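# Coordinate analysis (summary)
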Amino acid sequence: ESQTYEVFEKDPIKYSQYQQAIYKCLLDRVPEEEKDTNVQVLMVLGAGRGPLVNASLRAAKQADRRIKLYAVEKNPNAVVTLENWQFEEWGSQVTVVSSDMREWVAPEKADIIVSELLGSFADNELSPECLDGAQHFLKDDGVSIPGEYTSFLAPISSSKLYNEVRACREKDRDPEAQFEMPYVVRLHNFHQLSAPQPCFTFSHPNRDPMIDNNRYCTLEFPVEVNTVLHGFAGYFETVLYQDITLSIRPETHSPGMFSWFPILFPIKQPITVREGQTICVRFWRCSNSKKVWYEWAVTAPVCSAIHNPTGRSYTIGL
Amino acid sequence: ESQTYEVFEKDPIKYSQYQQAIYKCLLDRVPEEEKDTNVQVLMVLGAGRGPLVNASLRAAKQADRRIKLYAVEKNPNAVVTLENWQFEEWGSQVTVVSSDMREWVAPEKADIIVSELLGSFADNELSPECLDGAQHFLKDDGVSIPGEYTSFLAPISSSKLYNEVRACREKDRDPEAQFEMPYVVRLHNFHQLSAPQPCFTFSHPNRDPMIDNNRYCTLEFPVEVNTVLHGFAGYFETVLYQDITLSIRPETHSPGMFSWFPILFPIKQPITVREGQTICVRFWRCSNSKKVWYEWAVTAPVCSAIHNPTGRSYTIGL
Amino acid sequence: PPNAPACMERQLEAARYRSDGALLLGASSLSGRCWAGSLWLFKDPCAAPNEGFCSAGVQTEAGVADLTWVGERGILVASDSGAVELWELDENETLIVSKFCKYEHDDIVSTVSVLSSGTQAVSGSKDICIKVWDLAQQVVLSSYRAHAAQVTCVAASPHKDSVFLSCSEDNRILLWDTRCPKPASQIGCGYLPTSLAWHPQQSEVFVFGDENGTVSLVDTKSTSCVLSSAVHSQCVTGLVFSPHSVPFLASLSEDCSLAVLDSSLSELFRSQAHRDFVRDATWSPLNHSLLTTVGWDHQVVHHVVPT
Amino acid sequence: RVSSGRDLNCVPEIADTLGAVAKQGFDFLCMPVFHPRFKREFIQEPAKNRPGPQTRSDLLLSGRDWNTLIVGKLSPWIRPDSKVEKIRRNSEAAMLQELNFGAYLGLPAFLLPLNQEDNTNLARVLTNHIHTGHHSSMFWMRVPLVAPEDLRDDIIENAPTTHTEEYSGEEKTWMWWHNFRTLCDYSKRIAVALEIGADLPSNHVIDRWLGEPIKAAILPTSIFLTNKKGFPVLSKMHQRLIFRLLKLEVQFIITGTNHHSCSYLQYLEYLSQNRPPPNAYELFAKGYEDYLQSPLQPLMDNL
Ligand SMILES: Nc1ncnc2c1ccn2[C@@H]1O[C@H]([C@H](O)c2ccc(Cl)c(F)c2)[C@@H](O)[C@H]1O
Ligand SMILES: Nc1ncnc2c1ccn2[C@@H]1O[C@H]([C@H](O)c2ccc(Cl)c(F)c2)[C@@H](O)[C@H]1O
């Protein structure tokens, strides 16, 4: 929605970090003695109402280089804001492309593709799938911003958030469906039983053939206290360019970055965890030609049922 | 399943009608003076365990012509039966292709494509969508068997089948979902309120660009008696080749063709129909890039809710 | 470019050649921050659509839906504001001054046609009414609610100052004659009537196009034996007859093409020049084999009709 | 005292128009989300490939202003029930587009016309928009008390108005709403915007809109008689209908061009202030209207 874009646009830090990532990339690809001989083909993928496109112009101004802009966007209502931006202010520099990035036949290849296709669990918005289908129109030596993202998980106790989840049961569906799906939530009253550890990582561009975005991770969380585990908090960390990064992992959290709140992966039944014990969790990133989703189980100290098998309770649509 | 193929294979009439359709097509494409100069590229699409492939060999024997056979099949378990057929008896004449017909890159184009992708409501198994995606590998003058199919509907009264439908309610879903989906059923205790009329028709190959398999039909059924309508029985009629046809429409029913039983399109609430009144029904064939489904409403003498809006209660998967 | 705006809005609504050979242009913006319209004059027919090579220019506060020439000086305007406006040229014909702006229709005035004498004009609107006006008195003489749906096309008789055609989304093509207590009369014959053209010679014969791209030939004398041809694949938006002693029928459409037909309604010319909706056709008073088509794509294409 | 809104099909500058409308004294504005005359193409080239923006941008107003002051309107050229297959297909795609744009903006209500008898495809596409996505926008069906075909002046010579009192025929606009909302499964998101004509119909006809979800009443300029001091006022029977509608707490909508020296607003406000006094029962129950409560069981339960 129009107000949703607005909310995700009111994060100065996030866009200034993107400005800097394009800025360092401009200098690295165009030397001072080529400042007017070379024009960089910049392609913002999933352009929204134009915030990355704007920061791309600000980056080309501070780095003082020539850039051919594109603004691929599938949502036609944002594409209205984009064409109204292009006429009124941007001009012929920006070429709006009203298409899904996986369909679009590009005039030429790009020097840099730039995206904001991430969510609180990094690959949960389906950024891997999208940039893969765009990779063919990236130069055989092109940059992808962001170049890498990693999801982190940490086990939590919160009988309060556990209750909040039970309260989400609805008629005409699985009486336990509310526990087999993640929620984005600003985790407030809760206890972190163990330090966040990495889970899934995606790198762009992905040179490797039989690339496969399906995953399976096994994590061992050492708990120093006695408690009752209710679920796993998810966080993300990403590298836009070189040392320019964005993060929501509380230990490495990018300061003052309101935008992405943490995720919550519930567990149907709470689990007693004694001091010294290890909470072992398995996660799986799954998919078919139509959907992507997660499945997950706790295997230590005690087992749980595998949550969301075959995306029965929750899927992300491709 | 293996036993499902078996059941749909035990219909002699159905396959002898296909034998004859290929037979007349062979003679029409290959003249007596070209009996050994020309070899027809025959492609069975959706080959199952090989029944159309077998009738294709029987048709080439009675018509006495040379044929290059192919057996495209997506179900890998039937493809096992196909490769075991090809080795043991068929030989290099038949080329098994373990693929979806919409993916397959063909060595050459075909003289005739032959399919059994029909159901009781003709286009309900998704035959339009499949043969469209195969059409590129059909010769610029090729034949498609069947070349046309049409669905028919007729309004029925049967408080018995109406009860059978209510009895299909399940927990964890819409309490009325059972009325927003068709059922294949051998309609026994029932009353046909009006003669079947045509509904949707598909022709193959479909030369027309912006082809679009979406539909909207409006039918007016004149009822000579007083009654309570419970739903619409669906039937199909198809032209394999010229005067060689298969049908389930009781008035033009192909004699002794057990295979396809009629469909039943329920209506949530029964409707009183006086003598002389007209039962008016609207049907819609709908689709998105992932699913196909029907929506339907009774608009006369009284209105009903539109059934299965946005395929909420029932979809056919693409 | 006199004391006029610096930019004419993308969608060209109407092309009208006056007696000497000057080109009148009406255009509106049907997208963007501003949805207003404007009027333009081109003494050079080949200078159009160039906003900076015009003889005169003006800006209207609301979009321009339809226009007609009120002689050689004035221009009658049907606007979205629900107002009819007469804009008369100045002394040297370098300014376009608005004489009157009368908001009488409760919704977008879709059509305007000047009545044979040149003293009256009839307007059709989305408010379903048809109004007869006095161009000198600044007022409406009569208000008629004859239709059931919005009025699509109004076409005043070539000579009779009381006769005119009317066609609307209620499948009605009404032949008028304000000389009766029941002025309108339903002319029969299917699909919705979309465009009307009186024949310049037989003042008893007229043509109409429907939303299914079909053009029909109708006689006032008999409401039967109608001659028809499926000219276009989409809605016939306009019909204009050539100035010739034996005229030619030009039919513009939503299928982005121009068609030129003879008496038997057979195609002589076809033009795929346009990439957007073909909104008008005007034959040059000087070269009768010249036809100017304005569209929505900003193109003003001049066709040499193969006569 | 009264919640009123201004309807127009001409908005050249949204900030100017909205500003002037509010300046007049209107709580909201019903305006087209796309240009009324901007017919679009979705199937065949080259008008399908029409470039540039399709309408104005959402930036021209704050999100708060779109949520509280702008009622969208369907473009009059969109006819999903047309007998022309090409026009149906195009108007299906165009209707989804327009509805989805109104949902994108967060508009509180969107207007759709009920002006013919067959609205099946219109209702199918509205129902589908309801089931596609999370938006909660209200839908106001613009339906008249009297069909336009039954209020046309008796001036067509060979088609005279059937002057006979047709009891059921006099209430054909109710059946139009009825079938439409039956088709839509009685969605609580589809309400009525009742256009009140110049000549009020039979009392029995106005008695069919009782118990119906009238969210708004559309009063056109055309229906205002003039008083001795040159100001717009209403007949005693039209005044009675407004008094009935005030109990239903409807939003009054003013449509049409001006025909007086807002004055129309001032009349409604005057009627609102000069209404009969609501008794103690009407003051006690004010708030509890149509609120379902469970009957107390003081034998079984403790009060
Ligand atoms: N495969 C595809 N092809 C073309 N565009 C695609 C996709 C998939 C998603 N998107 C777009 O990416 C944007 C991004 O998620 C975004 C940007 C900015 C803000 Cl503030 C925000 F909330 C969200 C959205 O606008 C999506 O519509
Ligand atoms: N797009 C596709 N590409 C390749 N094959 C496809 C499709 C879609 C369906 N099919 C196959 O068609 C067969 C047919 O429905 C059939 C044949 C014989 C009997 Cl007896 C029977 F019951 C059913 C099935 O075996 C399906 O697996």
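Our subject is the structure that appears above.
Quick summary incoming for the structure in this document. (Residues numbered from 1 in each chain as written, not as in the entry; some residues may be left out. Chains lettered and ligands numbered in written order. Part of a larger assembly, values for the part shown. Heavy atoms only, no water. Residues with missing side-chain atoms left out of burial classes, pairs and counts.)

## Description of the sheet that holds strand β17 (residues 193-198) of chain C
Residues and elements named next belong to chain C.
- Within the open sheet, the four strands sit side by side as β17-β18-β19-β20. Their pairing is antiparallel. The two strands at the open ends of the sheet, each matched to only one other strand, are β17 and β20 (227-229). The mean inter-strand angle of the sheet, taken between neighbouring strand axes irrespective of direction, is 20°.
- Looking at chain direction, strand β18 (residues 205-210) and strand β19 (residues 215-219) are connected through five bridges and run antiparallel. Residue pairing for β19: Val207 is matched across the bridge by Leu217. (Pairing = 2+ DSSP bridges. Helix = DSSP H or I, 4+ residues; strand = E, 2+ residues; numbered from the N terminus. Axes fitted to C-alpha atoms, helices over the stretch in contact; angles between N-to-C directions.)

## Focus: the side chain of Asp107 of chain C
- Following the sequence through the fold, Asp107 of chain C ends up in the loop between β8 (96-102) and β9 (109-115).
- Among buried charged residues, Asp107 of chain C stands out as having no salt bridge; its nearest opposite-charge side chain is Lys73 of chain D, 6.3 Å away.
- Excluding residues that lie within four positions of it along the chain, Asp107 of chain C makes contacts with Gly82, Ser125, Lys126 and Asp127 of chain C together with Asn9 of chain D. (Buried < 20%, exposed > 50% of the residue type's maximum accessible area, 1.4 Å probe, protein only. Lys, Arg positive; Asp, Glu negative; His and termini not counted. Salt bridge = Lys/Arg side-chain N within 4 Å of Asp/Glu carboxyl O. Contact = heavy atoms within 4.5 Å.)

## Things to note about the site of ligand 1
Residues and elements named next belong to chain A.
- Taken together, 15 residues lie around ligand 1, and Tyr5, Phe8, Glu73, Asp100 and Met101 are the ones closest in.
- The side chain of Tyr5 places a nitrogen or oxygen atom 2.5 Å from an oxygen atom of ligand 1.
- Within the side chain of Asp100, an N or O atom sits 2.8 Å from a nitrogen atom of ligand 1.
- Bound to the protein, ligand 1 loses 86% of the 560 Å² it would expose on its own.
- Residues of the shell around ligand 1, tallied by class, amount to six nonpolar, four polar and five charged. (Near = heavy atom within 4 Å. Polar contact = N/O pair within 3.5 Å; in protein donor to acceptor, adjacent residues only side chain to side chain. Areas by Shrake-Rupley, 256 points an atom, 1.4 Å probe, with all protein chains shown as cover. Nonpolar A, V, L, I, M, F, W, Y, C, P; charged D, E, K, R; others polar.)

## Here we look at the pattern of salt bridges
Residues and elements named next belong to chain A.
- Taken as a whole and assessed by the stated rule, the structure comprises 74 salt bridges over all chains.
- Measuring nitrogen to oxygen at the nearest pair gives 3.0 Å for the salt bridge that ties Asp36 to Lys35.
- The closest approach of N and O atoms between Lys109 and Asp140, which form a salt bridge, is 3.7 Å. Here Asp140 lies in strand β5 (residues 138-145) and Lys109 lies in the loop between β3 (94-98) and β4 (110-115), a separation of 31 residues in the sequence.
- Residue classification places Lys109 among the partly exposed positions, given a relative accessible area of 40%.
- Owing to a relative accessible area of 79%, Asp140 belongs among the exposed residues under this scheme.

## Remarks on the packing of helix α3 (residues 85-105) of chain D against helix α4 (residues 120-131) of chain D
Residues and elements named next belong to chain D.
- Look at α3 against α4: their axes get within 10 Å of each other, and the N-to-C directions meet at 35°. As α3 runs across α4, the sense of the crossing is right-handed. Touching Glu92, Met95, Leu96, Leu99, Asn100 and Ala103 of α3 are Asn121, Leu122, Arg124, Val125, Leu126 and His129, all from α4.
- Grouping the constituent residues of the contact of α3 with α4 by class yields seven nonpolar, three polar and two charged. (Left-handed = near helix turned anticlockwise from the far one by under 90°.)

## Topic: the interface of chain C and chain D
- Residue-level contacts link 56 residues of chain C with 49 residues of chain D.
- Taking both sides of the interface into account, the surface hidden between chain C and chain D amounts to around 4,200 Å²; carbon and sulfur atoms contribute 53%.
- Among the residues chain C hides against chain D, the three largest losses belong to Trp35, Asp106 and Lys182 of chain C. Together they make up 19% of the total.
- The interface formed by chain C and chain D holds six salt bridges in total.
- Between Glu13 of chain C and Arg37 of chain D there is a salt bridge, with its nearest N and O atoms 2.9 Å apart.
- The tally of links from chain C across to chain D stands at 17 residue pairs in polar contact.
- The leading source of residues in the side of chain C that touches chain D is strand β15 (residues 172-177) of chain C, at three residues. (Buried area = accessible area lost by both parts, 1.4 Å probe.)

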